[PDB]
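S.K.: One structure, pasted below without further comment.
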Amino acid sequence: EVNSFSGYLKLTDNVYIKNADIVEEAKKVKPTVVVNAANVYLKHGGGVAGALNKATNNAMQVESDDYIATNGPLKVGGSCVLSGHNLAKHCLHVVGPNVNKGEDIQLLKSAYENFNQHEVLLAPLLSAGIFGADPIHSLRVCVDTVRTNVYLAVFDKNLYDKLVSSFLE
Ligand SMILES: CC(C)[C@H](Nc1ncnc2[nH]ccc12)c1ccc2c(n1)S(=O)(=O)CCC2
């Protein structure tokens, strides 16, 4: 029953991908860890973070505000482990670089390295969408950097097909 991932395409021995909303996956799978595509003040105002927070009925945001009060903001490329609420045992909040805001694309390697502290994770494609990184480059960084078992959920069939085609060429 735990980590019941289904319908994924295996890309490498440790990286799997699916066309799916990460919130819907977290409900079906009940993963040990769900990754959030966070910002440094853990303000979950939209996109992936806003969807995961809404699915917890704002409990994630209240917990996040209390973590920031005590520990201060994260650094770009860094992470913290908080509760997964009804979505997972734990949420790994990871800050990838926001290239549209001038942050260094090289920090995407540091961001994916946080996944290596967890044996199995359900995650989004870091720094893609409105963070502005090239999503084919984000997938290449994930495959080359993550060594633990990562199940990527990408909520867009057009991007999913472009990512699989580019990996398999
Ligand atoms: C590329 C896009 C399809 C993808 N969205 C998603 N991928 C998987 N489950 C999802 N549920 C709701 C949206 C959503 C995606 C991945 C990463 C990032 C963003 N968006 S962003 O624009 O929210 C900025 C943070 C980085």
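Going through the structure tokens in order, the chains are called A, B, and so on, while each chain numbers its residues from 1 and the ligands are numbered from 1 in the order shown.
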Give me, as a ChimeraX atom specification, all polymer residues having an atom no more than 7 Å from residue 132 (chain A), counting only C-alpha atoms and skipping those fewer than 2 positions away in the same chain.

M.R.: /A:98-100,127-130,134

S.K.: Output as a PyMOL selection string all residues of chain A that backbone DSSP marks as helix (DSSP H, G or I).

M.R.: chain A and resi 22-29+47-55+59-71+99-101+107-117+129-131+135-145+157-168

S.K.: Under the rule of at most 9 Å, produce a per-residue listing of chain A near ligand 1: chain, number, name, the closest pair of atoms, and the distance in Å, as CSV, using only C-alpha atoms and all ligand atoms.

M.R.:
residue,atom,partner,partner_atom_place_in_ligand_line,distance
A:19,CA,ligand 1,8 (C),8.2
A:20,CA,ligand 1,9 (N),6.3
A:21,CA,ligand 1,9 (N),3.7
A:22,CA,ligand 1,9 (N),3.9
A:23,CA,ligand 1,11 (N),5.9
A:24,CA,ligand 1,11 (N),8.0
A:25,CA,ligand 1,9 (N),8.5
A:36,CA,ligand 1,25 (C),8.5
A:37,CA,ligand 1,25 (C),5.1
A:38,CA,ligand 1,25 (C),7.0
A:39,CA,ligand 1,25 (C),8.4
A:46,CA,ligand 1,23 (O),6.5
A:47,CA,ligand 1,23 (O),3.3
A:48,CA,ligand 1,23 (O),4.2
A:49,CA,ligand 1,23 (O),6.6
A:50,CA,ligand 1,23 (O),7.9
A:51,CA,ligand 1,12 (C),5.6
A:52,CA,ligand 1,11 (N),7.5
A:95,CA,ligand 1,25 (C),8.9
A:96,CA,ligand 1,26 (C),7.6
A:98,CA,ligand 1,25 (C),8.1
A:123,CA,ligand 1,8 (C),7.9
A:124,CA,ligand 1,16 (C),5.2
A:125,CA,ligand 1,16 (C),4.7
A:126,CA,ligand 1,17 (C),5.0
A:127,CA,ligand 1,26 (C),4.4
A:128,CA,ligand 1,17 (C),4.4
A:129,CA,ligand 1,22 (O),3.6
A:130,CA,ligand 1,22 (O),4.1
A:131,CA,ligand 1,24 (C),5.0
A:132,CA,ligand 1,24 (C),8.1
A:133,CA,ligand 1,26 (C),8.8
A:135,CA,ligand 1,1 (C),7.3
A:152,CA,ligand 1,8 (C),8.2
A:153,CA,ligand 1,8 (C),5.2
A:154,CA,ligand 1,7 (N),4.3
A:155,CA,ligand 1,7 (N),4.2
A:156,CA,ligand 1,3 (C),4.8
A:157,CA,ligand 1,3 (C),8.4
A:159,CA,ligand 1,3 (C),7.0
A:160,CA,ligand 1,3 (C),8.4

S.K.: Report as a VMD selection string all protein, DNA and RNA residues lying within 10 Å of residue 107 (chain A), evaluated on only C-alpha atoms, omitting residues in the same chain fewer than 2 positions from it.

M.R.: chain A and resid 76 to 78 95 to 98 103 to 105 109 to 113

S.K.: Restricted to C-alpha atoms, what would the selected residues look like written as a PDB file, in the first residue's frame?

M.R.:
ATOM      1  CA  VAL A  76      18.469  28.562  -3.174  1.00  0.00           C
ATOM      2  CA  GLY A  77      19.508  24.929  -3.770  1.00  0.00           C
ATOM      3  CA  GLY A  78      18.620  24.005  -0.155  1.00  0.00           C
ATOM      4  CA  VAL A  95      14.302  25.432  -3.597  1.00  0.00           C
ATOM      5  CA  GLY A  96      15.407  25.234  -7.229  1.00  0.00           C
ATOM      6  CA  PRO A  97      16.707  28.380  -8.937  1.00  0.00           C
ATOM      7  CA  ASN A  98      14.238  30.781 -10.474  1.00  0.00           C
ATOM      8  CA  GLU A 103      19.132  32.956  -9.997  1.00  0.00           C
ATOM      9  CA  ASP A 104      21.979  30.686 -11.127  1.00  0.00           C
ATOM     10  CA  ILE A 105      20.982  27.623 -13.164  1.00  0.00           C
ATOM     11  CA  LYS A 109      22.357  20.379  -9.267  1.00  0.00           C
ATOM     12  CA  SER A 110      22.408  21.363  -5.537  1.00  0.00           C
ATOM     13  CA  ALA A 111      18.583  21.375  -5.509  1.00  0.00           C
ATOM     14  CA  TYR A 112      18.346  17.762  -6.867  1.00  0.00           C
ATOM     15  CA  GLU A 113      21.148  16.578  -4.520  1.00  0.00           C
TER      16      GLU A 113
END

S.K.: Using DSSP on the backbone, list every residue of chain A that comes out as strand (DSSP E or B), and give them as an MDAnalysis selection string.

M.R.: chainID A and resid 9:12 15:19 33:37 79:83 90:94 120:123 149:154

S.K.: Next, write the just-selected residues to a file, as a PDB file, in the first residue's frame, keeping C-alpha atoms as the atom set.

M.R.:
ATOM      1  CA  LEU A   9       7.622   4.972 -17.573  1.00  0.00           C
ATOM      2  CA  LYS A  10      11.020   3.812 -16.268  1.00  0.00           C
ATOM      3  CA  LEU A  11      13.796   6.022 -17.773  1.00  0.00           C
ATOM      4  CA  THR A  12      16.788   4.714 -15.766  1.00  0.00           C
ATOM      5  CA  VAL A  15      14.150   7.589 -12.375  1.00  0.00           C
ATOM      6  CA  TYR A  16      10.483   7.100 -13.459  1.00  0.00           C
ATOM      7  CA  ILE A  17       8.101   9.620 -15.078  1.00  0.00           C
ATOM      8  CA  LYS A  18       4.339  10.072 -15.554  1.00  0.00           C
ATOM      9  CA  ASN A  19       1.896  12.608 -16.994  1.00  0.00           C
ATOM     10  CA  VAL A  33       8.059  11.671   0.765  1.00  0.00           C
ATOM     11  CA  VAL A  34       6.464  14.247  -1.552  1.00  0.00           C
ATOM     12  CA  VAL A  35       8.736  16.993  -2.884  1.00  0.00           C
ATOM     13  CA  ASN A  36       7.472  20.586  -3.009  1.00  0.00           C
ATOM     14  CA  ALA A  37       8.939  23.059  -5.552  1.00  0.00           C
ATOM     15  CA  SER A  79      15.747  22.158   1.517  1.00  0.00           C
ATOM     16  CA  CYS A  80      13.933  21.285   4.700  1.00  0.00           C
ATOM     17  CA  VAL A  81      11.849  18.294   5.823  1.00  0.00           C
ATOM     18  CA  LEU A  82       8.383  19.064   7.225  1.00  0.00           C
ATOM     19  CA  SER A  83       5.168  17.087   7.652  1.00  0.00           C
ATOM     20  CA  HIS A  90       7.002  13.885   4.920  1.00  0.00           C
ATOM     21  CA  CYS A  91       7.235  16.872   2.572  1.00  0.00           C
ATOM     22  CA  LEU A  92      10.740  17.731   1.354  1.00  0.00           C
ATOM     23  CA  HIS A  93      10.566  21.454   0.476  1.00  0.00           C
ATOM     24  CA  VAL A  94      13.296  22.042  -2.183  1.00  0.00           C
ATOM     25  CA  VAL A 120      11.901   6.952  -2.415  1.00  0.00           C
ATOM     26  CA  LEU A 121      10.275  10.274  -3.512  1.00  0.00           C
ATOM     27  CA  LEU A 122       7.339  11.604  -5.507  1.00  0.00           C
ATOM     28  CA  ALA A 123       8.544  14.876  -7.070  1.00  0.00           C
ATOM     29  CA  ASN A 149      14.380   6.270  -6.401  1.00  0.00           C
ATOM     30  CA  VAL A 150      12.512   9.247  -7.861  1.00  0.00           C
ATOM     31  CA  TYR A 151       9.018   9.232  -9.428  1.00  0.00           C
ATOM     32  CA  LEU A 152       8.497  12.421 -11.405  1.00  0.00           C
ATOM     33  CA  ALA A 153       4.971  13.693 -11.995  1.00  0.00           C
ATOM     34  CA  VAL A 154       4.667  16.256 -14.824  1.00  0.00           C
TER      35      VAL A 154
END

S.K.: Could you tell me how far CA of residue 75 (chain A) sits from CA of residue 114 (chain A), in Å to one decimal place?

M.R.: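 Computed distance, CA of residue 114 (chain A) to CA of residue 75 (chain A), equals 12.3 Å.
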
S.K.: Using only C-alpha atoms, which protein or nucleic acid residues come within 7 Å of residue 30 (chain A)? Drop anything in the same chain fewer than 5 positions from it, and give the result as a list in words.

M.R.: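 Everything that qualifies: residues 2, 3, 87 and 88 of chain A.
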
S.K.: Can I get the selection written as a PDB file, in the first residue's frame, with N, CA, C and O atoms?

M.R.:
ATOM      1  N   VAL A   2       2.031   1.300   0.660  1.00  0.00           N
ATOM      2  CA  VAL A   2       2.899   2.483   0.650  1.00  0.00           C
ATOM      3  C   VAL A   2       3.670   2.526  -0.680  1.00  0.00           C
ATOM      4  O   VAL A   2       3.982   1.483  -1.248  1.00  0.00           O
ATOM      5  N   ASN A   3       3.906   3.725  -1.208  1.00  0.00           N
ATOM      6  CA  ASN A   3       4.651   3.890  -2.450  1.00  0.00           C
ATOM      7  C   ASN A   3       4.094   3.044  -3.620  1.00  0.00           C
ATOM      8  O   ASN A   3       4.862   2.477  -4.370  1.00  0.00           O
ATOM      9  N   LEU A  87      -0.932  14.121   2.586  1.00  0.00           N
ATOM     10  CA  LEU A  87      -0.393  13.760   1.278  1.00  0.00           C
ATOM     11  C   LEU A  87       0.742  12.758   1.265  1.00  0.00           C
ATOM     12  O   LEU A  87       0.960  12.065   0.262  1.00  0.00           O
ATOM     13  N   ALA A  88       1.472  12.694   2.351  1.00  0.00           N
ATOM     14  CA  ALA A  88       2.680  11.864   2.455  1.00  0.00           C
ATOM     15  C   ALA A  88       3.126  11.785   3.931  1.00  0.00           C
ATOM     16  O   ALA A  88       2.614  12.545   4.765  1.00  0.00           O
TER      17      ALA A  88
END

S.K.: So how many Å separate CA of residue 119 (chain A) and CA of residue 6 (chain A), to one decimal?

M.R.: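 CA of residue 119 (chain A) sits 17.8 Å away from CA of residue 6 (chain A).
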
S.K.: Considering only C-alpha atoms, state which residue in the set A:161, A:64, A:86, A:40 is at the smallest distance from residue 27 (chain A).

M.R.: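 Using only C-alpha atoms, the shortest distance to residue 27 (chain A) belongs to A:86.
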
S.K.: Figure out the distance between CA of residue 89 (chain A) and CA of residue 32 (chain A), please, to one decimal in Å.

M.R.: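 Between these atoms lies a distance of 4.8 Å.
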
S.K.: Could you check which of A:69, A:108, A:141, A:26 is closest to residue 56 (chain A), using only C-alpha atoms?

M.R.: A:26
